[PDB]
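Before any questions on binding or motion, here is one chain by itself as structure tokens, the form solved without this ligand.
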């Protein structure tokens, strides 16, 4: 039912918790790792701040700790068949320097894909990611990578909203 699925998600939640609490490097970054259940499934948020950035300035290049986080969780996410929506949220000051129209919009999507490639390098099955998302609004700095492990319902709703058919 929606039962075997919820059970899988709860187990995944526990496995991620076990992984984080058994790794010194992850324990040190815990405040920047948020896990919760949302309508569409299990959500994992990785906070990207000025004090502890997950990417190099104005770049989609991951920082050491971001690489450690993504590669560490990749194998665990692979445990279940649920697919994932990966979102890059970049509410920061106007992108400066190198830019042929390149703004926080391009930066947010690029970071989302940069995170996707790290998960894959870490062992995430290709195909697991169903979509990447970018969101950027014009001490209000808010940057983060969201990894949503979708329940069947949400996955289907996305596939229907994205098909050419009616």
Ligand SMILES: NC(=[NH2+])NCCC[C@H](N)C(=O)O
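Residue numbers count along the first chain shown, from 1. Between two forms, the rigid core is defined as the largest C-alpha subset superposing within 1.5 Å.
Keep in mind that the form deposited with this ligand bound is not shown, yet the notes after this line are about it.
When this ligand is superposed onto this form from its pose in the deposited bound form, 3 or more of its atoms lie within 2.4 Å of a backbone or C-beta atom, and the site is blocked.
Taking the partner from the other structure, this ligand in the deposited bound form has a heavy atom within 4.5 Å of a heavy atom of residue 56.
Contact check for residue 107: a heavy atom falls within 4.5 Å of this ligand in the deposited bound form. Put simply, residue 79 is far from this ligand in the deposited bound form: not one heavy atom of it is within 4.5 Å. Only one segment in the set 30 to 38, 94 to 102, 119 to 127, 63 to 71 has any non-hydrogen atom within 4.5 angstroms of this ligand in the deposited bound form, and it is 94 to 102. Applying a 4.5 Å heavy atom cutoff to this ligand in the deposited bound form picks out 143 as the lone residue from 135 to 151. With a cut-off of 2 Å and the rigid core superposed, residue 133 has a Cα displacement that falls short of the cut-off between the shown form and the other one. After superposing the rigid core, the Cα of residue 48 is displaced by 2 Å or more between the shown form and the other one. Relative to the superposed rigid core, the position of the CA of residue 64 differs between the shown form and the other one by less than 2 Å. Inter-residue distance, residue 50 to residue 132 (Cα): increased by at least 3 Å in the deposited bound form versus the depicted form. Panel note: the distance between the CA atoms of residue 62 and residue 144 is smaller in the deposited bound form than in this form, the difference being 3 Å or more.
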